[PDB]
Structure formats: structure tokens, C-alpha cells
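Chemist:
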Amino acid sequence: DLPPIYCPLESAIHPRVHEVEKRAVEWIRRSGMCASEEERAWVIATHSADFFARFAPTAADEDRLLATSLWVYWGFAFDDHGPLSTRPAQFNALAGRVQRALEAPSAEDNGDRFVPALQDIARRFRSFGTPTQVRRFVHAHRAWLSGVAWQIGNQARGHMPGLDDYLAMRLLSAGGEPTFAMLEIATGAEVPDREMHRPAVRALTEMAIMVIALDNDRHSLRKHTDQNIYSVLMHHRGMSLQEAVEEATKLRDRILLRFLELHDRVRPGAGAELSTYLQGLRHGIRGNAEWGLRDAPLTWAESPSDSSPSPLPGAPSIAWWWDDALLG
Amino acid sequence: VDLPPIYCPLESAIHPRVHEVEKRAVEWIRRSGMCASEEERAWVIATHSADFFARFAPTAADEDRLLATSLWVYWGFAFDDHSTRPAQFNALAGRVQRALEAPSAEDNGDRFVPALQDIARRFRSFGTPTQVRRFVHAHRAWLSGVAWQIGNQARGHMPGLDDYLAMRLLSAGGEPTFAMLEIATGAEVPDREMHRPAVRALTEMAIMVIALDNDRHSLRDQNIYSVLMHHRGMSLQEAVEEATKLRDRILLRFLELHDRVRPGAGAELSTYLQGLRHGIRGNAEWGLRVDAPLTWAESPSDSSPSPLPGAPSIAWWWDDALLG
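Chains A and B are the protein sequences, given in the same order. Residue numbering for the first sequence is 9 to 89, 94 to 235, 241 to 311, 327 to 360, as defined by the entry's author numbering. Residue numbering for the second sequence is 8 to 89, 97 to 234, 243 to 312, 327 to 360, as defined by the entry's author numbering.
Rendered as C-alpha cells:
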């Protein structure tokens, strides 16, 4: 099992990653996010500065890379530590309160450990980004919390989503959206509304997010009714773990090929800011996989395990990624 | 039981082609396959939602954009009104929101999806992709609210004031409603103007006043009256007078900030802001009628310029230093 990852994309890391990691650890200790020192050590152990420094490896301002890096840490923390992990009614309200604290500086925590921390991140994002960029992050942020709400709903009932619902869900629950909405904030490069919201750019962003979500599901086979591509396929298709491992890799490789074919057609015409955003998507895909396999020599697959130029069978909710009349 | 007149010194108007739009919308609702029982579809038709939204965009040059936007209002009443346990809802919001963002998404026997996807297609043939994403994000924000409200209900959590006002911001469906003014008008608001805090604040304040006017339309399950009675130990009448003072103080702040922002605003942000105003008044007026003369309070029941205490989620509406 576990054949090497197909990832023919640029790998790079911010030359100031060590300095930014140092500050992030310091922020985390004063963040009051986590109860014990033992937990904070888990949050530090995510090496989320190493991670987000692979997405924005030429960020001119160490401060913007630090601010965005902080959210990746806050992100892990929020998701791991729960009592709410099969209590969707309570989570719906937590989600609402936390999302509100992101949009309303005046909002008060109510002994919620996470809120003041998020509110510090938000204060940073307003210092750096335009109100437009902040809203892009806020909206992405709620998108993610809708994903998590969906996933927690499923856990409560013991619902194993099928392929369509599972892929739809993970675009959101895996944190891809708020992660990519921080590119602009890290780099400074304000992508205009006309370009950022082209269907073709939306598709590329989702495809980037979906490959990262599937790389993460693969990364979580290093441990049975947990919600992941493997369980989904074993349930709905009657496959063995090994057969589903091969199917997962076929699907994921097909999405990545589409991402590269659409990138190859969009990028030539892209303006400077969109081009920088699109390099982030690529640096992100590769950075995720690389960060997941941790300077030991790493093996990659030279070819994909499936190169069908058409949409995924059984996943109509993503078929539009392949429809060029609806895009560019 | 005894209820004062509403303070609402805002322009009242309704699209001149409203009757022709209702005609077409009634017909789409018959051909929508949304509610099976015809009896149900009559409940939807009797929202008179075209009449509601014709008040928000009364000079909209294209009758088809006012039709498209009006369908969504019917859809929202139909979806929200008439499986809805929190766990199943989180999945249901997930799918419906995905069907709005992804035209290739397949109904899978859900009755609301094909109809929302028809609305989406119309929105995509009129609005720029920018205008559609604003509506999309607004639509999720509402679904997040309805999820919050369904959560509290199933657990027996009466929220405090702050939480209730935050929730209702979303669950009233004011965001998706106001995110349709641009799609009705065709007046493209540039991002540097739309995402100004000042404009966010004017948009949320219009939304909150609509949500609190809607609450007053229910004294005839979570509402400001229930919330204030539970957390402050008021009678129904102690809380009706308290609810009116919060609302009237929010609408005062709305008029104040509008008067600061409006002279500088460009043609398109200006159309939007008149849309906020037409919207608040339309909602109040539509609330009563659903047609002989209405009475209005000439004066606010509480003209304090300060932020509401015990509602820090909304205090920033009043902080000018933060509305650069």
C-alpha cells in the first residue's frame, strides 16, 4: 500500500521561516489558546510556520507571513480540542460565535479560549489587508465552519457520506478555503474582483483545495467509520482497504491533471497579482504533500495512476471543473 | 398585547411592474416542483414575496432581474418554513449551498435543489461572477444562522441578547436579500466601496432592524421578547417597550451613519444605500398589509446615540474610528 505521490509542481520555502517559526511559538505561549503546556507543545508540533511558508515563499513582509501562519496554528487547535465532535447543535452555536468574533472587533469571548486569539489574528489581517481581502478570508472562514458542521452532523448519526457528498464536504471541512484566502494577505498582491471570481479561478482554487484534502486523507492512513476517502469508498463500493487506496489515488491524480491542464490555459493571460495567487495554489499543493512526509531524500511518482481528461464518475458536484464553456 | 406604531422615516415605493412579476413568479412556483401539495404551493404564493422584493428594487430597469431575485425570496420562505434536526440540517445546508455554487450538482430527489439551481442560472445570465459570489457567501451566512437557530431549539438553549442579535443577523435572511439589490438593479458596486466597514455596518443595521420588525410580526419561537423575558425577568409588555428601544436606537444609528457616508458615495453605492432604505421600510409596510392607511411614530422611543449594553457583537456599528 501507499505508492509515491504524483506532484510535478514547484517546492520552495520562505528563507525567513526559522525567524517566523520562533515568533509564532512565542505568540502561541502568550495566546491563552490551550489549557496545559502539554497541549501548546502539540500545537507547536504542527510546525504550521514551516507549512504556510511553503505557500508564500517570497512574502516581502515577514509580518504578513507571521499573521497568516498564526491562523494555521489556531486552525489545528480549534479542530483537535472534542466534546462537540458528535454534538452538532452545540457546534452550530460555537461556529456562529467564533465567526462573529472574526467580523466584529467589539465582540467578547465569554471564557472561550480561542476567541481572543482569533481576534488578535483578525486585528493583524485588518492592519495588512484591504477590507476586500479581509472579507475574502472571512467568507472562506465560514465556508470551512460549514464543512466541519456537516462532518460533525455525519459523525453524530454514523452517516458515511457517498463520494459526491464526501468531496463536497471536504472542499470545506479540510481548511483549504481559508488557507488560500490568506495568500493575498501574505504576499500583499491584491487580486482584483474581475480576476479572483472568474469561474476558471474558482475551479483551480477548489481543485487545489481538493488535492490537498485527499493528500491529508492519505497522510491519515499512518494510524473503521472515520470519515475519509478510504472509508467512503470501502462502504459505498464494497472495496478492500488496498483497492480503495488505488481508487483514491486514481481519483486524486485525475483532479491534479485537470488542475494543471486548466492552469496551463489560464496562466498565460493572468495579470501579475492573479499569477502570484496561482503560484501559491501550486506551492500550496506541493508544500502540503512535502510537509506531510515530515532533509531525507523524498520519492515522487513521475506519472499519474489515471489520466482521464473527463470528470470523476459518481461526483457530479465537481463535474463543472471540466466544463470549459462554463469557465474562462 | 398593546403595540405602539413603528418609527420608520424612510422612502416607501414599489416597482411599477410588480403585478406582472407576481404573475410570472406564481407560474414558476407552479412549474418549480418545490412543494408537492398544491395547497402547500398556495402557502408559498400567499407570502406575496414579489410584492416584498419589488419594494427593495422599485426602479429596476429589467423585469427579468426583479423576477429572478423575487423567486429566491419565495424559495427562502418555502425552504425555511416547510428532517430539520441539527445533524441532518448541517448536511442539508451543505448540499443546497453546493448546488448554488456548482451547476453540475444533481438534486438526488431533494425538491429545493433544482429550483435554487434555476435561480442560480438566471443570476449567472445577469450578474457578473463577482455579484454571484457576494450572493453565494450571503446565502451560506444565512444557512449558518438557520443552523445556529435549529441547534439552540433542539438543545433548549435560550441565547443571551448578544448571541440572539448575532444569530438573527444571519437567520432572518437579510444578507441574501440585500446581496440581490445589485442583481435586480444591474448597478455593479465596486469592492473598494462595497467592503468599506461603514457599508458593512449600514448593511448589518438595515438587516437587524428588518429582523426585529419581523420579531414584532410574531406577537399574534426564539425572539427578542422571549430572550429579554428569560434573561432580564421582564413581562411581555416590559420587553415590547425594551425591544422597541433597541430597534429604534439601531435605526437612529443607521440614519446617522447613512447621512455621513451618502454624500461621498458613487452612483452604484448610492443606488445600493437607497436599496437598504427602501428595504427596511418595504419590510415594515409589507409586514402589516399581508390596504387602507398605516400610522407611523414620528419619533424614536429612545434617541440615545450610545452602543447597546450587553450586545458587544454590534457595538462596533457606533465606533467611527473603526469605520475609516
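Positions of the beta carbon are idealized from the N, C-alpha and C atoms, including for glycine.
Based on DSSP bridge pairs, tell me the residues matched to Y14 (chain B).
Modeler: In the second sequence, counting from the first residue as 1, residue 14 (chain B) sits at position 7. Per DSSP, B:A333.
Chemist: Determine whether the beta carbon atoms of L184 (chain B) and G159 (chain B) lie at a separation below 7 Å.
Modeler: As a first step, residue 184 (chain B) must be located in the second sequence, where it is residue number 170. As a first step, residue 159 (chain B) must be located in the second sequence, where it is residue number 145. For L184 (chain B) and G159 (chain B), yes; Cβs fall inside 7 Å.
Chemist: Return no unless some Cβ of chain A is closer than 7 Å to the Cβ of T144 (chain B).
Modeler: Within the second sequence, numbered from 1, the residue matching residue 144 (chain B) stands at position 130. Yes, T144 (chain B) counts as interfacial toward chain A.
Chemist: With respect to 6 Å, is the separation between the Cβ of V262 (chain A) and the closest non-hydrogen atom of the ligand HEM below this value?
Modeler: The model depicted lacks the ligand HEM and carries no ligand whatsoever.
Chemist: Could you work out which residues of chain B lie near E120 (chain A), taking near to mean beta carbons separated by less than 7 Å?
Modeler: Residue numbering aside, residue 120 (chain A) sits at position 108 when the first sequence is read from its first letter. Near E120 (chain A) (Cβ distances below 7 Å), the residues of chain B are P348.
Chemist: Under 7 Å between the Cβ atoms of residue 239 (chain A) and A119 (chain A)?
Modeler: Since the model of chain A passes from 235 to 241 in one step, residue 239 (chain A) is not part of what is shown.
Chemist: Under 7 Å Cβ to Cβ from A85 (chain B), same chain only, skipping five residues before and after it: list those, please.
Modeler: In the second sequence, counting from the first residue as 1, residue 85 (chain B) sits at position 78. Once the five neighbours on either side are set aside, the close Cβ partners of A85 (chain B) are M41, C42, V51.
Chemist: Thinking just about the alpha-carbon of each residue, which of A:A201, A:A215, A:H252 is nearest to the one in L273 (chain A)?
Modeler: Indexing the first sequence from 1 puts residue 273 (chain A) at position 256. The candidate whose alpha carbon is nearest that of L273 (chain A) is A:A215.
Chemist: Could you work out which residues of chain A lie near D355 (chain B), taking near to mean beta carbons separated by less than 9 Å?
Modeler: Here residue 355 (chain B) refers to the residue found at position 319 when the second sequence is read from its first residue. Those are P117, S118, listed as they occur along chain A.
Chemist: Report the option in A:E34, A:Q244, A:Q111, A:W308 whose CA atom is closest to the CA atom of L157 (chain A).
Modeler: Residue 157 (chain A) sits at position 145 when you count from the first residue of the first sequence. Checked all of A:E34, A:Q244, A:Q111, A:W308; the closest Cα to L157 (chain A) is A:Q111.
Chemist: Measuring alpha carbon to alpha carbon, tell me which residue in A:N305, A:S340, A:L279, A:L330 is nearest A357 (chain A).
Modeler: As a working mapping, residue 357 (chain A) is identified with position 325 in the first sequence. Per the Cα distances, A:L279.
Chemist: Closer than 7 Å by C-beta to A67 (chain A): which residues in its own chain qualify, once you throw out the five before and the five after it? Chain order, please.
Modeler: Here the question's residue 67 (chain A) lines up with position 59 in the first sequence. Contacts found: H22, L73, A198, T199.
Chemist: Would you mind reading off the limits of the alpha helix (DSSP H) that contains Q111 (chain A)?
Modeler: Residue numbering aside, residue 111 (chain A) sits at position 99 when the first sequence is read from its first letter. Its alpha helix (DSSP H) spans residues 100-115.
Chemist: In angstroms with no decimal places, state the Cα-to-Cα distance between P336 (chain A) and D355 (chain A).
Modeler: In the first sequence, residue 336 (chain A) corresponds to position 304, counting from 1. In the first sequence, residue 355 (chain A) corresponds to position 323, counting from 1. Roughly 22 Å between the two C-alpha positions.
Chemist: According to DSSP, simplified to helix, strand and coil, what is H89 (chain A)?
Modeler: In the first sequence, counting from the first residue as 1, residue 89 (chain A) sits at position 81. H89 (chain A): coil per DSSP, three-state reduction.
Chemist: Could you tell me which of A:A306, A:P11, A:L233 sits nearest to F63 (chain A), measuring between CA atoms?
Modeler: Counting from one through the first sequence, the residue named residue 63 (chain A) turns up at place 55. The shortest Cα separation from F63 (chain A) among A:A306, A:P11, A:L233 belongs to A:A306.
Chemist: Apply the 10 Å Cβ neighbour rule to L310 (chain B) and answer buried if 16 or more other Cβ atoms are within range, or exposed otherwise.
Modeler: Sequence index remark: in the second sequence, residue 310 (chain B) carries index 288 (1-based). Classification of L310 (chain B): exposed, given that the 10 Å Cβ count is below 16.
Chemist: Taking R154 (chain A) as the query, report the chain B residues whose CB atoms sit under 7 Å from its CB, ordered along the chain.
Modeler: Numbered from 1 along the first sequence, position 142 holds the residue referred to as residue 154 (chain A). Within 7 Å Cβ-Cβ: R154, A155, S158.
Chemist: Which stretch, first to last residue, makes up the alpha helix (DSSP H) that contains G297 (chain B)?
Modeler: Here residue 297 (chain B) corresponds to residue number 275 of the second sequence, with the count starting at 1. Taken as a continuous stretch (DSSP letters only), the alpha helix (DSSP H) holding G297 (chain B) covers 289-311.
Chemist: Check the C-beta distance from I36 (chain A) over to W332 (chain A) and give it rounded, since I have them as a contact under 8 Å.
Modeler: To locate residue 36 (chain A), count along the first sequence from 1; it is residue 28. To locate residue 332 (chain A), count along the first sequence from 1; it is residue 300. Not a contact, Cβ separation roughly 32 Å.
Chemist: Is DSSP giving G255 (chain B) helix, strand or coil here?
Modeler: Stepping through the second sequence from its first residue, residue 255 (chain B) is reached at position 233. Coil, per DSSP.
Chemist: Using a C-beta to C-beta distance shorter than 7 Å, which residues of chain A count as neighbours of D205 (chain B)?
Modeler: In the second sequence, residue 205 (chain B) corresponds to position 191, counting from 1. Residues of chain A passing the Cβ test: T144, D205.
Chemist: Would the beta-carbon of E29 (chain A) fall within 7 Å of that of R299 (chain A)?
Modeler: Against the first sequence, residue 29 (chain A) aligns to sequence position 21. Against the first sequence, residue 299 (chain A) aligns to sequence position 282. No, Cβ-Cβ distance for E29 (chain A) and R299 (chain A) is not below 7 Å.
Chemist: Please determine if the stretch 339-349 of chain A and the stretch 173-181 of chain A are in contact, where contact requires at least 3 C-beta pairs separated by less than 8 Å.
Modeler: These segments touch.
Chemist: Verify the CB distance criterion: does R169 (chain B) have a CB-CB separation below 7 Å to chain A?
Modeler: Taking the second sequence and counting its residues from 1, one reaches residue 169 (chain B) at position 155. Interface residue, yes.
Chemist: Do you know offhand how far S44 (chain A)'s Cα is from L295 (chain B)'s?
Modeler: Locating residue 44 (chain A) in the first sequence gives position 36, where the first residue counts as 1. Locating residue 295 (chain B) in the second sequence gives position 273, where the first residue counts as 1. In a straight line, the C-alpha of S44 (chain A) is about 49 Å away from that of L295 (chain B).
Chemist: With burial defined as no fewer than 16 other Cβ atoms inside 10 Å of the residue's Cβ, what is the status of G188 (chain B): buried or exposed?
Modeler: In the second sequence, the residue the question calls residue 188 (chain B) occupies position 174. With 16 or more other Cβ atoms within 10 Å, it is buried.
Chemist: Assuming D229 (chain A) and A261 (chain A) form a contact by the criterion Cβ under 8 Å, report the distance between their Cβ atoms to the nearest whole angstrom.
Modeler: As a working note, residue 229 (chain A) is residue 217 in the first sequence. As a working note, residue 261 (chain A) is residue 244 in the first sequence. At roughly 10 Å, the Cβ-Cβ gap does not stay under 8 Å, so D229 (chain A) and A261 (chain A) are not in contact.
Chemist: Does DSSP classify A32 (chain A) as helix, strand or coil?
Modeler: Within the first sequence, the letter at position 24 stands for residue 32 (chain A). In the structure shown, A32 (chain A) sits in a helix (DSSP, three-state: H, G or I).
Chemist: Have a look at B:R138, B:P100, B:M222 and flag the residue whose alpha-carbon is nearest the alpha-carbon of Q163 (chain B).
Modeler: Counting from 1 along the second sequence, the entry for residue 163 (chain B) is found at position 149. Measuring from the Cα of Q163 (chain B), the nearest candidate turns out to be B:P100.
Chemist: If you check the beta carbons only, do residue 387 (chain B) and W308 (chain B) fall under 7 Å apart?
Modeler: What is shown of chain B runs 8 to 360, which leaves residue 387 (chain B) out entirely.
Chemist: How about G301 (chain A) and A220 (chain A): are their beta carbons less than 7 Å apart?
Modeler: Counting from 1 along the first sequence, the entry for residue 301 (chain A) is found at position 284. Counting from 1 along the first sequence, the entry for residue 220 (chain A) is found at position 208. In contact: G301 (chain A) and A220 (chain A) (Cβ atoms closer than 7 Å).
Chemist: So the alpha helix (DSSP H) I21 (chain A) belongs to, where does it begin and stop?
Modeler: Locating residue 21 (chain A) in the first sequence gives position 13, counting from the first residue. From DSSP, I21 (chain A) is part of no alpha helix (DSSP H); its letter is neither H nor E.
Chemist: Between the Cα of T293 (chain A) and the Cα atoms of A:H241, A:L250, A:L226, A:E207, which residue gives the shortest distance?
Modeler: Taking the first residue of the first sequence as 1, we reach residue 293 (chain A) at position 276. Nearest option by C-alpha distance: A:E207.
Chemist: Using a beta-carbon distance below 7 Å, is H252 (chain B) in contact with chain A?
Modeler: Stepping through the second sequence from its first residue, residue 252 (chain B) is reached at position 230. Not one chain A Cβ lies under 7 Å of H252 (chain B).
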